[PDB]
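Asks: Have a look at this one.
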Amino acid sequence: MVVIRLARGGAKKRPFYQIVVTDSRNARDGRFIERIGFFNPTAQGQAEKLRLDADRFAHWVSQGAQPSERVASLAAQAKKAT
Amino acid sequence: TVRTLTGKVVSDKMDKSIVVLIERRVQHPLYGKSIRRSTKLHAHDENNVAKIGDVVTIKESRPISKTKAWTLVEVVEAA
Amino acid sequence: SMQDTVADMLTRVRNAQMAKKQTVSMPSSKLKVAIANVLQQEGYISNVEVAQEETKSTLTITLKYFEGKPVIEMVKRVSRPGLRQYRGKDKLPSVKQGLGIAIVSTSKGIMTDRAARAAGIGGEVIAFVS
Amino acid sequence: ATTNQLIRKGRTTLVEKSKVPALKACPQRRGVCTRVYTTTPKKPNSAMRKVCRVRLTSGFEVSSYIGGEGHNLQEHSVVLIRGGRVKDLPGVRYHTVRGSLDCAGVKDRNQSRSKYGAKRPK
Amino acid sequence: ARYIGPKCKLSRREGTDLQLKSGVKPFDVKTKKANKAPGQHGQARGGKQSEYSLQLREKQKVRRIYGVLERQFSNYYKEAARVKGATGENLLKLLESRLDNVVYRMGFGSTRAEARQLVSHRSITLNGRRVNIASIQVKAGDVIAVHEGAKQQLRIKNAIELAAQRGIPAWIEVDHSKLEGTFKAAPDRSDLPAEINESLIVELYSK
Amino acid sequence: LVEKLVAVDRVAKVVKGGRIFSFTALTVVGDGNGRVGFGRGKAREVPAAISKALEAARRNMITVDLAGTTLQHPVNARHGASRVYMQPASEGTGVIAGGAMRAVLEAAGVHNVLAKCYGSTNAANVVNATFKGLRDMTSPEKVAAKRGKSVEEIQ
RNA sequence: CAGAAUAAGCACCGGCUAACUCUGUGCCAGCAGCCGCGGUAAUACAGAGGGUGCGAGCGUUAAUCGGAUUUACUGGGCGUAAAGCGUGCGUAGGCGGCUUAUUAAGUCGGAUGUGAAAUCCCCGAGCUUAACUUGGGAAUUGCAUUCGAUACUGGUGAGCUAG
RNA sequence: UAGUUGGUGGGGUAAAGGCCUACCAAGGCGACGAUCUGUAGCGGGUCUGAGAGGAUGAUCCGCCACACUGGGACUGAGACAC
């Protein structure tokens, strides 16, 4: 099914995740339908940790996409933030 | 808003079909001179209205045979 | 046979200037008249006349010399029947860093490159003059 | 040419062949020594220069110059050859690298040692 | 890496005083061989030189004074070319903005070499951090302070004595009692000495 | 005055019993503010040849209309089989050219230019081509004057 | 906490090309990217001294582009240097005199859609600095649809006489 | 080039279609290079270059094809299935 999940990037020991909407059969770091935010686990200084687009998130969730557990937790964090 | 191409009939031997020669003018990629180019397209005319020498207009459609995927619209100029 | 009347007119002007003659006459056409008027309004030539007898028209141009030298130091034909040159507004040519003129045929008429840039239009580059 | 001529037929570019066909686009090539001999340079130079006949792994029998004052190469010796031209021996288009599979470095040298393969003396 | 070697050989070769001897005595009195190159064939400075030769000697002169090797110098030049403005002047600004050179021009290092060792041994701090890299470029508004372990040192006391003998540059302002100073902006070309020529270096790299 | 020795050469003529050998020198002299000249000098000795070339270059001088430290417009020039192209450049570029063209450009006073050589690189011919191009360069004021229009109108 | 204590090689010095001398050896040994050097005063061969350029690296070989305006669209040539078919006629093709009306194919302008992300460039952020990672922008110089302009080229109708 | 090009009836497929078949007609492609023959996975990109251009497809991303060689189907939403 269509899913919303984290694709890995960055360097060793310091991952940086793109929050992407994709078909579950695609590879983790490959083909995707849309990019709707990022997540930096080790942000410091002025670096922003979480940016999620609530409008597109709601749109895709309404169209039947199933978030992963981590993305659901991050969406809850962003809901509390705003 | 069907795509439409205007040409002139060059054959009418086939049954319920016509062949129309379409010409375009484009610039040369390296030297820039305007140069002639042409393509021949098979069309479908159920009633055999068009004949050799007339100017016609055709539109795109679903395949009707192995080589024909275009259909007659009007005879712009009769031969 | 004769196949480029604009080139023929430009060549006649150039050779007359090199031979240091005050006037040059040739068969006339409306395109040549327009080009001559543009040259006159840009100051390369003094005067332009057209005289008709029965059905044949003759264009006469008066030439200028300054400091004992031809005013038109360089005149070149750009677009020819063999190769035709069309340029957009952004890519219009400049002659001697704007010290010359490029004659341009546009839908609004025959004008210089700077005027064409001001109008935001392009067209056919006819000649370079400086 | 004219514009129409250039349109009908374009401009022709001619390729260039390899000055070292034996290598076959390789930095080095293994070989087996077939005959060690000494030949006479062409004029105006007069000398005796050491060359060898080698059957390469590629399959082209070739001539390889031997550099350095002293050489111990003999028949049935597995050597390594590289590109390089003597410029005065006709038909010689390669060098044999010292310090290689069977070749040894030149003794009693202390300048340009990395060439000729001599190791560091204390 | 780093160039560890005799300094006066290089100074005499360059033909001008490079200021690597701390100036405690006059350089002329110290070396007593200036205008004569060190070597068997050493000839007077009046010998003719080629265009490429002069272009090369200029780069060598700058590199020797600022203690920068060829790879880093080439990176500096390419950076100056990328940066807008006069590339030659930008290159000199980049050289001047170095942390160890700034420490020297601010006056806690007897020699640029000594400042390099201080930075390497972490006796200097950028703002509140114990940096240990001499190649760091000091931005405007930075505060070069001394560390507590570095303080109460005979070498540092002698260095500040020599700095007081010297004249502090305008752009730096350093309190010696507090052993800390601050950086306003990149020194201007007019402030930089006119002996150095940068156009030769620009042409050298352009070739 | 800036003086530059573009080149020096050794030449010979045949006579009974051997060869007579001489030297020739090509030199350029300028002020740096826009006046430049070049000359040739021959003699049995290099010191004499260089001096004669200096006098010839002094005699043969022109004036050039510069645009600050760059040319007024791109220029194409030729003499014999030597062709030279010169283009104005933004401040800081420098003089990107060959030695023969560089001598003339420095003598004239241009410090920002991009130059190219097409054809034979004979030093004398290249110097002559650069000389004629710089001489034949025009100016916005002169163009406006000969056209009869204002400099502002010319733009 | 201990103490300078554990740590520097490679190439080259005739011209192109920054850096020269002695010894040994002599058209041999040999060096050599090209011009070249070597038959007893070789700064071009081997060692040594001194230097020059790089530096945890330094040299050689192999390969692509550049210099190369030696395939020339930008941007070359054919009397003697390479290059006008022995000379006509003519088919396909290329190009084509003047005026006027109409069309809007070429040509030109505006709008919409598209041109994935990464990569290039610009301004920032996190890395002690830099590499590197990253946020945004620009760019993607094109393609398609549609609405407009009519000087030039082409299509159509009509007129003309200098070819 | 003789299912070859087109048409009609029928068959067949999830679906248009000579995709298959009986008949009818003689068509269809080609100097704007058909047919034959040599070589090659293609693009975003990468290297070089003032630019035009030239060379190239490791590592990252999209598409395609293949799984000891060749011919087949079965099951299943989906394979002619490393």
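Residue numbering restarts at 1 for every chain of the structure tokens, chains are lettered A, B, ... in their displayed order, and ligands are numbered from 1 as they appear.
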Only residues of chain H matter here; which ones have an atom within 12 Å of chain D, counting only C-alpha atoms (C1' of nucleotides)? Give them as a PDB file with N, CA and C atoms (P, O5', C5', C4', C3', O3' and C1' of nucleotides), in the first residue's frame.

Replies:
ATOM      1  P     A H  31      13.026   8.077 -49.231  1.00  0.00           P
ATOM      2  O5'   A H  31      14.441   8.799 -49.142  1.00  0.00           O
ATOM      3  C5'   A H  31      15.589   8.230 -49.761  1.00  0.00           C
ATOM      4  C4'   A H  31      16.515   9.286 -50.305  1.00  0.00           C
ATOM      5  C3'   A H  31      15.876  10.204 -51.350  1.00  0.00           C
ATOM      6  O3'   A H  31      16.410  11.539 -51.346  1.00  0.00           O
ATOM      7  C1'   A H  31      17.629   8.964 -52.346  1.00  0.00           C
ATOM      8  P     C H  32      17.321  12.136 -50.161  1.00  0.00           P
ATOM      9  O5'   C H  32      16.484  11.896 -48.828  1.00  0.00           O
ATOM     10  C5'   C H  32      17.124  11.983 -47.559  1.00  0.00           C
ATOM     11  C4'   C H  32      16.149  11.850 -46.418  1.00  0.00           C
ATOM     12  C3'   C H  32      15.139  10.714 -46.551  1.00  0.00           C
ATOM     13  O3'   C H  32      14.865  10.160 -45.263  1.00  0.00           O
ATOM     14  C1'   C H  32      13.994  12.770 -46.371  1.00  0.00           C
ATOM     15  P     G H  54      29.893  17.559 -31.053  1.00  0.00           P
ATOM     16  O5'   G H  54      31.234  16.998 -30.405  1.00  0.00           O
ATOM     17  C5'   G H  54      32.389  16.762 -31.196  1.00  0.00           C
ATOM     18  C4'   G H  54      33.596  16.472 -30.341  1.00  0.00           C
ATOM     19  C3'   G H  54      33.540  15.195 -29.516  1.00  0.00           C
ATOM     20  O3'   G H  54      33.890  14.042 -30.261  1.00  0.00           O
ATOM     21  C1'   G H  54      34.257  16.982 -28.150  1.00  0.00           C
TER      22        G H  54
END

Asks: As a PyMOL selection string, please: every residue in range 17-64 of chain A that a backbone DSSP assignment puts in alpha helix (DSSP H).

Replies: chain A and resi 54-62

Asks: Restricting the output to N, CA, C and O atoms, write the selected residues as a PDB file, in the first residue's frame.

Replies:
ATOM      1  N   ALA A  54       1.574  19.715   7.318  1.00  0.00           N
ATOM      2  CA  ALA A  54       0.331  19.138   7.817  1.00  0.00           C
ATOM      3  C   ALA A  54      -0.729  19.023   6.729  1.00  0.00           C
ATOM      4  O   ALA A  54      -1.497  18.057   6.720  1.00  0.00           O
ATOM      5  N   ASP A  55      -0.796  19.987   5.811  1.00  0.00           N
ATOM      6  CA  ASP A  55      -1.804  19.927   4.759  1.00  0.00           C
ATOM      7  C   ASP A  55      -1.619  18.686   3.893  1.00  0.00           C
ATOM      8  O   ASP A  55      -2.563  17.915   3.682  1.00  0.00           O
ATOM      9  N   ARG A  56      -0.402  18.473   3.387  1.00  0.00           N
ATOM     10  CA  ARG A  56      -0.145  17.303   2.557  1.00  0.00           C
ATOM     11  C   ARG A  56      -0.259  16.018   3.368  1.00  0.00           C
ATOM     12  O   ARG A  56      -0.728  14.995   2.856  1.00  0.00           O
ATOM     13  N   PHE A  57       0.176  16.046   4.629  1.00  0.00           N
ATOM     14  CA  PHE A  57       0.011  14.873   5.479  1.00  0.00           C
ATOM     15  C   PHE A  57      -1.456  14.475   5.578  1.00  0.00           C
ATOM     16  O   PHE A  57      -1.804  13.303   5.382  1.00  0.00           O
ATOM     17  N   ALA A  58      -2.331  15.438   5.875  1.00  0.00           N
ATOM     18  CA  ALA A  58      -3.754  15.143   5.983  1.00  0.00           C
ATOM     19  C   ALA A  58      -4.320  14.680   4.650  1.00  0.00           C
ATOM     20  O   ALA A  58      -5.125  13.744   4.602  1.00  0.00           O
ATOM     21  N   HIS A  59      -3.909  15.320   3.555  1.00  0.00           N
ATOM     22  CA  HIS A  59      -4.397  14.921   2.239  1.00  0.00           C
ATOM     23  C   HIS A  59      -4.072  13.458   1.955  1.00  0.00           C
ATOM     24  O   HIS A  59      -4.951  12.669   1.582  1.00  0.00           O
ATOM     25  N   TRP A  60      -2.812  13.069   2.147  1.00  0.00           N
ATOM     26  CA  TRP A  60      -2.422  11.702   1.830  1.00  0.00           C
ATOM     27  C   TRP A  60      -3.051  10.705   2.797  1.00  0.00           C
ATOM     28  O   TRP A  60      -3.480   9.623   2.382  1.00  0.00           O
ATOM     29  N   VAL A  61      -3.139  11.050   4.085  1.00  0.00           N
ATOM     30  CA  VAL A  61      -3.815  10.166   5.029  1.00  0.00           C
ATOM     31  C   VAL A  61      -5.265   9.954   4.617  1.00  0.00           C
ATOM     32  O   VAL A  61      -5.796   8.843   4.735  1.00  0.00           O
ATOM     33  N   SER A  62      -5.929  11.004   4.132  1.00  0.00           N
ATOM     34  CA  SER A  62      -7.288  10.854   3.632  1.00  0.00           C
ATOM     35  C   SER A  62      -7.348   9.987   2.385  1.00  0.00           C
ATOM     36  O   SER A  62      -8.338   9.277   2.186  1.00  0.00           O
TER      37      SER A  62
END

Asks: Find the distance between CA of residue 117 in chain E and CA of residue 131 in chain E and write it in Å to one decimal.

Replies: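 One can read the CA of residue 117 in chain E to CA of residue 131 in chain E distance as 12.2 Å.
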
Asks: What's the separation between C1' of residue 22 in chain G and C1' of residue 52 in chain G, in Å to one decimal place?

Replies: 19.5 Å

Asks: May I ask you to extract the residues of chain C within 12 Å of chain D, using only C-alpha atoms, and to give them as a list in words?

Replies: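 For chain C, the answer reads residues 80, 81, 82, 83 and 84 of chain C.
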
Asks: Could you write out the selected residues, including C-alpha atoms, as a compact mmCIF listing (two decimals), in the first residue's frame?

Replies:
# COMPACT_ATOMS: atom_id res chain seq x y z
CA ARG C 80 21.49 36.11 -46.99
CA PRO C 81 19.21 33.97 -49.16
CA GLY C 82 21.52 31.01 -48.57
CA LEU C 83 21.39 31.42 -44.77
CA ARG C 84 18.71 33.41 -42.93

Asks: Which parts of range 27-92 of chain D does DSSP call strand (DSSP E or B) when run on the backbone here, written out as a PyMOL selection string?

Replies: chain D and resi 28-39+49-56+61-65+78-83

Asks: Restricting the output to N, CA, C and O atoms, write the selected residues as a short mmCIF file (atom, residue, chain, number, x, y, z; two decimals), in the first residue's frame.

Replies:
data_model
loop_
_atom_site.label_atom_id
_atom_site.label_comp_id
_atom_site.auth_asym_id
_atom_site.auth_seq_id
_atom_site.Cartn_x
_atom_site.Cartn_y
_atom_site.Cartn_z
N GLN D 28 51.05 -1.43 -18.02
CA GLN D 28 52.18 -2.34 -18.06
C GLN D 28 51.73 -3.65 -18.71
O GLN D 28 50.54 -3.88 -18.91
N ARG D 29 52.71 -4.50 -19.04
CA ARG D 29 52.40 -5.80 -19.63
C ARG D 29 53.45 -6.82 -19.24
O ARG D 29 54.65 -6.56 -19.36
N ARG D 30 53.00 -7.99 -18.78
CA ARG D 30 53.90 -9.09 -18.47
C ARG D 30 54.36 -9.75 -19.76
O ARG D 30 53.65 -9.76 -20.77
N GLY D 31 55.57 -10.32 -19.73
CA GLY D 31 56.11 -11.01 -20.88
C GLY D 31 57.15 -12.03 -20.47
O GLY D 31 57.58 -12.09 -19.31
N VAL D 32 57.56 -12.83 -21.45
CA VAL D 32 58.61 -13.83 -21.28
C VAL D 32 59.72 -13.51 -22.27
O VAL D 32 59.45 -13.30 -23.46
N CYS D 33 60.95 -13.48 -21.79
CA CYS D 33 62.09 -13.15 -22.64
C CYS D 33 62.35 -14.29 -23.63
O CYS D 33 62.45 -15.45 -23.23
N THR D 34 62.45 -13.94 -24.91
CA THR D 34 62.70 -14.92 -25.96
C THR D 34 64.14 -14.90 -26.46
O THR D 34 64.65 -15.94 -26.88
N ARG D 35 64.80 -13.74 -26.43
CA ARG D 35 66.18 -13.63 -26.87
C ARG D 35 66.74 -12.30 -26.41
O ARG D 35 66.14 -11.25 -26.65
N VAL D 36 67.90 -12.34 -25.76
CA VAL D 36 68.60 -11.15 -25.29
C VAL D 36 69.76 -10.90 -26.23
O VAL D 36 70.55 -11.81 -26.50
N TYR D 37 69.87 -9.67 -26.73
CA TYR D 37 70.92 -9.35 -27.69
C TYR D 37 71.32 -7.89 -27.53
O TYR D 37 70.68 -7.12 -26.81
N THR D 38 72.42 -7.53 -28.19
CA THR D 38 72.93 -6.17 -28.21
C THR D 38 73.06 -5.72 -29.66
O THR D 38 73.61 -6.44 -30.49
N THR D 39 72.54 -4.53 -29.95
CA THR D 39 72.50 -4.01 -31.31
C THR D 39 73.21 -2.67 -31.39
O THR D 39 73.59 -2.07 -30.38
N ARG D 49 73.68 -1.24 -27.58
CA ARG D 49 72.52 -1.09 -26.72
C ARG D 49 71.79 -2.42 -26.59
O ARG D 49 71.65 -3.16 -27.57
N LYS D 50 71.32 -2.72 -25.38
CA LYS D 50 70.78 -4.03 -25.05
C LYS D 50 69.27 -4.06 -25.27
O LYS D 50 68.54 -3.25 -24.70
N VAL D 51 68.82 -5.02 -26.08
CA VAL D 51 67.41 -5.19 -26.38
C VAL D 51 67.06 -6.66 -26.20
O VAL D 51 67.93 -7.54 -26.11
N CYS D 52 65.76 -6.93 -26.12
CA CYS D 52 65.25 -8.28 -25.94
C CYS D 52 63.99 -8.47 -26.77
O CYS D 52 63.27 -7.53 -27.08
N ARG D 53 63.73 -9.73 -27.11
CA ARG D 53 62.52 -10.15 -27.81
C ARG D 53 61.59 -10.79 -26.79
O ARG D 53 61.98 -11.72 -26.08
N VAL D 54 60.35 -10.30 -26.72
CA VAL D 54 59.42 -10.70 -25.68
C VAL D 54 58.09 -11.09 -26.31
O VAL D 54 57.57 -10.42 -27.20
N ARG D 55 57.53 -12.20 -25.82
CA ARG D 55 56.18 -12.63 -26.16
C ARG D 55 55.25 -12.15 -25.05
O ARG D 55 55.31 -12.64 -23.92
N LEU D 56 54.39 -11.19 -25.38
CA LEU D 56 53.52 -10.58 -24.40
C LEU D 56 52.30 -11.45 -24.14
O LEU D 56 51.94 -12.33 -24.93
N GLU D 61 54.50 -10.32 -30.35
CA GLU D 61 55.93 -10.36 -30.10
C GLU D 61 56.53 -8.98 -30.34
O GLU D 61 56.26 -8.34 -31.36
N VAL D 62 57.35 -8.51 -29.39
CA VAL D 62 57.80 -7.13 -29.38
C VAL D 62 59.27 -7.06 -28.97
O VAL D 62 59.84 -8.01 -28.45
N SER D 63 59.87 -5.90 -29.22
CA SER D 63 61.24 -5.61 -28.82
C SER D 63 61.22 -4.66 -27.63
O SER D 63 60.51 -3.65 -27.65
N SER D 64 62.00 -4.98 -26.60
CA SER D 64 62.05 -4.21 -25.37
C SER D 64 63.49 -3.81 -25.08
O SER D 64 64.36 -4.67 -24.98
N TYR D 65 63.72 -2.50 -24.94
CA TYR D 65 65.03 -2.01 -24.53
C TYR D 65 65.26 -2.31 -23.06
O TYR D 65 64.32 -2.36 -22.26
N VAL D 78 60.75 -14.06 -16.82
CA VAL D 78 59.46 -13.38 -16.81
C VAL D 78 59.68 -11.93 -16.40
O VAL D 78 60.09 -11.65 -15.27
N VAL D 79 59.38 -11.00 -17.30
CA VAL D 79 59.67 -9.59 -17.11
C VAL D 79 58.39 -8.78 -17.27
O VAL D 79 57.35 -9.29 -17.67
N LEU D 80 58.50 -7.49 -16.95
CA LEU D 80 57.40 -6.54 -17.09
C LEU D 80 57.87 -5.39 -17.96
O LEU D 80 58.95 -4.83 -17.73
N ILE D 81 57.06 -5.03 -18.95
CA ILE D 81 57.42 -4.02 -19.94
C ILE D 81 56.41 -2.89 -19.90
O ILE D 81 55.24 -3.09 -19.53
N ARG D 82 56.86 -1.70 -20.29
CA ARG D 82 56.07 -0.48 -20.27
C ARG D 82 56.37 0.33 -21.53
O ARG D 82 57.33 0.05 -22.26
N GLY D 83 55.54 1.34 -21.77
CA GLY D 83 55.75 2.19 -22.92
C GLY D 83 56.99 3.05 -22.79
O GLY D 83 57.45 3.36 -21.69
#

Asks: Near residue 104 in chain F, within 8 Å and counting only C-alpha atoms (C1' of nucleotides), which residues show up once chain neighbours fewer than 5 positions away are dropped, as an MDAnalysis selection string?

Replies: chainID F and resid 28 36:37 127 130:131

Asks: Residues within 12 Å of residue 50 in chain H, please, as a list in words. Count only C-alpha atoms (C1' of nucleotides); anything in the same chain fewer than 3 positions from it doesn't count.

Replies: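 Contacts, in chain order: residues 87, 114, 115 and 116 of chain F.
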
Asks: With C-alpha atoms retained, could you export that selection as a PDB file, in the first residue's frame?

Replies:
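Generated output (selection.pdb):
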ATOM      1  CA  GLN F  87      38.631  42.216 -26.149  1.00  0.00           C
ATOM      2  CA  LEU F 114      41.946  39.458 -23.323  1.00  0.00           C
ATOM      3  CA  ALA F 115      43.968  38.901 -26.502  1.00  0.00           C
ATOM      4  CA  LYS F 116      44.346  36.030 -28.962  1.00  0.00           C
TER       5      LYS F 116
END

Asks: Taking only C-alpha atoms (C1' of nucleotides) into account, what are the residues of chain B at most 12 Å from chain H, put as an NGL selection string?

Replies: :B and (11-19 or 23-24 or 30-31 or 35-40 or 42-46 or 61-69)

Asks: May I have the selected residues written with C-alpha atoms, as a short mmCIF file (atom, residue, chain, number, x, y, z; two decimals), in the first residue's frame?

Replies:
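This went into again10.cif:
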data_model
loop_
_atom_site.label_atom_id
_atom_site.label_comp_id
_atom_site.auth_asym_id
_atom_site.auth_seq_id
_atom_site.Cartn_x
_atom_site.Cartn_y
_atom_site.Cartn_z
CA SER B 11 -3.13 7.80 -52.52
CA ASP B 12 -6.65 6.40 -52.65
CA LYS B 13 -6.22 2.79 -53.86
CA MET B 14 -6.91 1.14 -50.51
CA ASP B 15 -10.47 0.51 -49.39
CA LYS B 16 -11.73 2.98 -46.76
CA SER B 17 -8.22 4.46 -46.40
CA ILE B 18 -6.18 7.39 -47.67
CA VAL B 19 -2.48 8.29 -47.45
CA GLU B 23 5.40 18.59 -44.51
CA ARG B 24 7.11 20.63 -41.79
CA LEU B 30 24.12 22.92 -36.28
CA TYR B 31 23.97 25.27 -39.29
CA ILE B 35 15.08 22.96 -44.26
CA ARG B 36 12.17 20.87 -45.55
CA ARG B 37 10.92 17.70 -43.79
CA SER B 38 7.99 15.43 -44.60
CA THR B 39 6.07 12.45 -43.19
CA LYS B 40 3.44 10.11 -44.66
CA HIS B 42 -2.26 6.59 -43.04
CA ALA B 43 -5.83 7.68 -42.32
CA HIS B 44 -9.33 6.19 -42.27
CA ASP B 45 -12.15 7.48 -44.49
CA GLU B 46 -15.19 5.20 -44.27
CA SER B 61 -7.93 8.20 -32.82
CA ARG B 62 -7.70 4.63 -31.57
CA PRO B 63 -6.07 2.09 -33.90
CA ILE B 64 -8.24 0.91 -36.77
CA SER B 65 -5.69 -1.42 -38.40
CA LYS B 66 -2.02 -2.32 -38.10
CA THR B 67 -0.84 0.97 -39.64
CA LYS B 68 -3.85 3.33 -39.38
CA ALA B 69 -4.53 5.47 -36.31
#

Asks: Go through G:74, G:60, G:133, G:140 one by one, measure the shortest atom-to-atom distance of each to residue 98 in chain D using only C-alpha atoms (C1' of nucleotides), and give the residue with the smallest value.

Replies: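 Ranking G:74, G:60, G:133, G:140 by distance to residue 98 in chain D, first place goes to G:60.
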
Asks: Would you list which chain E residues are within 8 Å of chain G using only C-alpha atoms (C1' of nucleotides), as JSON, numbers by chain?

Replies: {"E": [1, 39, 40, 41, 53, 56, 129, 130, 131, 132, 133, 135, 136, 137]}

Asks: Neighbours of residue 31 in chain G within 12 Å (only C-alpha atoms (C1' of nucleotides); same-chain residues fewer than 5 positions away dropped), as a ChimeraX atom specification?

Replies: /D:67-69,86-88 /G:36-38,42,44-46

Asks: Could you pull the residues within 12 Å of range 113-120 of chain D, counting only C-alpha atoms (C1' of nucleotides), minus those fewer than 2 positions along the same chain, as a PyMOL selection string?

Replies: (chain D and resi 66-71+95-101+103-111+122) or (chain G and resi 9-11+58-61)

Asks: Go ahead and compute the interatomic distance for CA of residue 129 in chain C and CA of residue 1 in chain D, in Å to one decimal.

Replies: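 Calculated distance between CA of residue 129 in chain C and CA of residue 1 in chain D is 26.7 Å.
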
Asks: Could you name the residues that touch range 104-120 of chain G at 9 Å or less, counting only C-alpha atoms (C1' of nucleotides), but leaving out those on the same chain fewer than 5 positions away, as a PyMOL selection string?

Replies: (chain A and resi 31-33) or (chain B and resi 24-26+34) or (chain C and resi 86-89+106-107+120-124) or (chain G and resi 139-140+142-150+152-155) or (chain H and resi 44-45+60-62)

Asks: Define the interface residues of chain E facing chain F as those within 9 Å, counting only C-alpha atoms, and report them as a tab-separated table (two decimals) with C-alpha atoms, in the first residue's frame.

Replies:
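Output (selection_7.tsv):
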chain	number	residue	atom	x	y	z
E	85	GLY	CA	36.17	41.85	-5.93
E	86	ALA	CA	39.87	42.12	-6.60
E	87	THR	CA	41.20	38.57	-6.38
E	88	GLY	CA	44.73	39.66	-5.47
E	199	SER	CA	49.43	40.87	-9.71
E	202	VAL	CA	47.50	36.33	-10.21
E	203	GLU	CA	49.26	36.01	-13.58
E	206	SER	CA	46.29	32.41	-14.65
E	207	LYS	CA	49.00	30.94	-16.88

Asks: Wanna dump the chain G-chain A contacts at 8 Å for me, each residue with its shortest atom pair and the distance in Å to one decimal, counting only C-alpha atoms (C1' of nucleotides), ordered by chain and number, as CSV?

Replies:
residue,atom,partner,partner_atom,distance
G:125,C1',A:47,CA,5.7
G:126,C1',A:44,CA,6.5
G:132,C1',A:11,CA,7.8
G:133,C1',A:10,CA,5.4
G:134,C1',A:10,CA,7.9

Asks: Write the selection just made, keeping C-alpha atoms (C1' of nucleotides), as a PDB file, in the first residue's frame?

Replies:
ATOM      1  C1'   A G 125      23.022  26.183   9.142  1.00  0.00           C
ATOM      2  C1'   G G 126      25.796  21.747  11.630  1.00  0.00           C
ATOM      3  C1'   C G 132      31.503  16.500   3.981  1.00  0.00           C
ATOM      4  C1'   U G 133      26.179  16.889   5.324  1.00  0.00           C
ATOM      5  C1'   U G 134      22.122  19.980   4.925  1.00  0.00           C
TER       6        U G 134
END
